[PDB]
């Protein structure tokens, strides 16, 4: 008999639960499990965030889970980061891309197998090196996510410089003011960060001002060319898609893989205590938690279904891979990929705006 460690997961559907259950089973198979053996413990999302937090306590933490995997539903992963964060149990984000979770100050024990939206800057950057755009205007929504991306890009710029950053109040519908302020500048590469609904707002104003014409470059992210945002998106726009970034299944398989390796690496050390069984009455952090985060946080899984798994200082995926997208004749057309480090331009030619 070996020691049973539990990993837990909060997933979208009972089909995905089954996938998690089977991922662990294969880890058990793949690994030497004489001393420690994994067990899978999962639930699906709850209707509101209080019921969710509690579910964590009753269903997961009650089983002394060393980790909790978290996807989305079919209501964020926050009540899960907190409840679990309360004890310093590591929480692994499977599909959330918001930049809030990159903040160690409120989501301390959080890491994810996907990068935050703001990391798209790394690509826009290799992109400015490639097509020699040295002068850009950056237009971001004045929300956390907006500033996150602005912060991220300015870091890399200190080559090519940023002429002005125009920040706008999210939810606004008539941006003609903001846009005309940008029209006056000599620079014609524009980088946008905004939600779907704010993408839409910019895209329109951008048109009625004749700035989506030829001689303009529009470089954006995934949110800015998804769903509603596409209905009014100007042709010649370049945007990104996080490859596999929405395959819950792909990410369950890989998270479990990394976690099972960390769990084994961990028990190579000593003075490893179990997490607290249950919430009620326990108010001390799990002593071994901060170590276990350290062991995960510097794990490396190289032949992973979602590619090369590896986390930065903030616990965010590194070497994430992006499809480079071009809106051509109103079709999203793949013109290349960012493969973690390099841009690789495929045969399909980029039609800029105007062209």
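Residue numbers count along the first chain shown, from 1.
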Going from residue 74 to residue 75, the deposited residues skipped in the model number 4 to 9
In the entry, residues of the deposited sequence missing between residue 158 and residue 159 amount to 10 or more
Taking the deposited Cα B-factors and averaging over 179-187 and over 116-124, the higher mean is found in 179-187
Comparing 271-279 with 242-250, the higher average Cα temperature factor in the PDB entry belongs to 271-279
The residue of 80, 166, 259, 220 with the maximal C-alpha B-factor according to the PDB record is 166
Listed options 329, 298, 44, 28: highest C-alpha B factor recorded at 329
Chain thirds by Cα B factor, record data; residue 146 belongs to the middle
Split the chain's modelled residues into thirds by Cα B-factor; residue 89 lands in the lowest
Of the three thirds of Cα B-factor ranks in this chain, residue 317 occupies the lowest
For residue 136, the third of its chain by CA B-factor is the highest
In terms of its chain's C-alpha B-factors, the third that includes residue 293 is the lowest
